[PDB]
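Read on for two forms of one protein chain; each stands alone as structure tokens, with the labels structure 1 and structure 2.
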Structure 1
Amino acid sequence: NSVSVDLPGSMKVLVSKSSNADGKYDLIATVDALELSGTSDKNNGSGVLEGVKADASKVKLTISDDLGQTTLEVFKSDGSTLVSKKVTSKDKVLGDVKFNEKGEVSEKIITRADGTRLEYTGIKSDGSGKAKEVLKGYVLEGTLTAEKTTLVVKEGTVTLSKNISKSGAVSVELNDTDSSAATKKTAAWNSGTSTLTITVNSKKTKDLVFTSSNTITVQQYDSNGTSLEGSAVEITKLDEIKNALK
């Protein structure tokens, strides 16, 4: 009789209660109606399982020694070139990767623990491509390079650019082609608090905070332009970002 073990990525594996003559444990899993099997020198459910799709595609499930990570891979029928790879980390973040005929990354969708997503599509050999960030209530669009993701919001002559570096570091910038010194928006980015401060006509007007919970809040300054007033408001739709840029 086997032991059921819960896995990252909404999966289950059955591990034999005792080992075999080689001291190895049998593993069984069913992943979307596909039966996988394998053998492990651990007893906790970790190890490697394999199977074959109806179309002859090879399938391999790798479970990390501590049960923290699962990797679900599909290959071409000879097992040589990757087709897709789904990795759930111990922080429960999900990486969903598609590969081209040559087994090179052509698409990656990152699902964060809070369910927000970074969608990279049309990925080329220089790592460039199209990018989208799916937040709660709205979506941000831009491009990917080997250096950074850049998501853009335009409103009038103001262009707001959210940069995510290859390391995951966020920085935000604002450029206005308005040349009237009365209404032109400019902005300073405080990397330490993840806050962009917008200024018009030498007065601070609002703080946009790009939070660690993957939200944006807006808070106004008083008419003096010196101190914040009220309390920050969480953006819930793309139109409210645009309004903050007016």
Structure 2
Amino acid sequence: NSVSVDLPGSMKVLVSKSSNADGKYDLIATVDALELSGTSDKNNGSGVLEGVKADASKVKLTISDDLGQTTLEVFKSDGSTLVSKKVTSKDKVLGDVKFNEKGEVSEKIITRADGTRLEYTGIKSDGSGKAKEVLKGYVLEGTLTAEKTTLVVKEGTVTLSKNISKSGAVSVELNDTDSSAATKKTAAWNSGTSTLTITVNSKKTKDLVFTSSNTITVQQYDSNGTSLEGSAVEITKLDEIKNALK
């Protein structure tokens, strides 16, 4: 009579085995406690379903066949003022948006495939806000502007900035207010190798690699910067990152 299709999270959409006389399928989905009903032109789990909460909130679940993306929208009773929006990509990246009482965006958390998070709070009408990145073993603090996310690690006169553009590209910069030409750090970034090379008085001192695993590794150069030494050490603690900036 019907068959189940599993979706990101608990969500399981039950689709009818065959279409109705107008060529459309019946969909029933369970999302936590809510029962949603809707339709689709296919029986692969795509479609649009709607329901109502116990407090009269309106809910809409959209499963798109072009992106594999699922969008869960919770509205006020008018079915138009947003209360929350949950989007899960094919890549299992989760974006969870909260809205103020006027239905405008005020917070967004992105949860990555591996479980690390970008957290945007105090979002303002201009797209700025506060930003935090939650990694394995430590948390980075920074700011959001419409242009980019900037997470900062400070150590004395040195500021390490990790920038994330709207599209998700990463650039890393180092800024040192040290006035001594013998100790001031500068740095060069390569996005293809995801490596920041730190230089002190014309000598390369370390490479910081920002890995696909959302980790940071550090590897030392020799005393006159003429070759890498040893092997890269994966950073597990914020104290280790700051130490590399000394």
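Each form is matched to the other, and the largest set of C-alpha atoms that superpose within 1.5 Å is called the rigid core. For numbering, take structure 1's sequence and count from 1.
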query	finding
Core fit, then residue 10 C-alpha moves 2 Å or more between the two structures	yes
Yes/no, residue 181 Cα shift of 2 Å or more between the two structures with rigid core fixed	yes
After superposing on the core, C-alpha shift for residue 67 between the two structures in angstrom	7.7
Core-aligned Cα shift of residue 41 between the two structures, given in Å	2.1
Displacement in Å of the C-alpha of residue 155 between the two structures, rigid core kept as reference	1.2
